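Single chain ahead, by itself, as structure tokens, in the form deposited in one PDB entry.
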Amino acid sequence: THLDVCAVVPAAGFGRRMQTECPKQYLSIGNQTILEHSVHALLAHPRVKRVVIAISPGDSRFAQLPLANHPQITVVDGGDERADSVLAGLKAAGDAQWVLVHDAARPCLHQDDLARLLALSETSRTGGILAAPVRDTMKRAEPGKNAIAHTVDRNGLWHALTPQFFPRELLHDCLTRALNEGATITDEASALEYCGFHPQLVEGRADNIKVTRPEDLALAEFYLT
């Protein structure tokens, strides 16, 4: 039972950066929706016993997918921001000791990256995330201007990706505390950070992209080909 993992997939975003009245997670690549691609990647690993998917209360396309009746899938309503949807998913996680949180919008997840992340439960007490090294020179803009303030050192700088793997109750409590104290939480690692922890960085493939913009769809298809 120690190895059992519960997954949480925040998929309640309206994605108004997609322009289309059709959510990005519901767009299709091959014979499946982006959401299904993401969920099947998690279900592909033996340890992932359950997947909790958080959707919008006004979401009516989920019930029309094969996942709707899957014995390992549980559906709950998400919240205003990603962190809220993730929290609602965590509350239905169960007794699982460890939780995997993965964006519905990242359908290109490979099994090797996933297995390497999952190994953290046997070598870590706080958990970690998949991540990709920064390549371009990075620039910090001036507060209210489109001019360069200074360069941000790309060395030691990483792109946070998902899944993000953490002990269930610890993540639950850190996220609740951060949100209650009105902190800025853009991922799960951010919640552990707010509570004083420092999650591990597990290098994953950079082709594990997030589909948010219209063009992202085409690119995601390319990678899945």
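By rigid core we mean the largest C-alpha set that fits within 1.5 Å across both forms. In this text, residue numbers run from 1 along the sequence as written.
Separately, the form deposited in another entry exists; it is not shown, and the next lines address it.
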item: Core-aligned C-alpha movement of residue 125 between this form and the one not shown reaching 2 Å; value: no
item: Threshold 2 Å Cα movement between this form and the one not shown at residue 111, rigid core reference; value: no
item: Core superposition between this form and the one not shown, C-alpha change of residue 143 at least 2 Å; value: yes
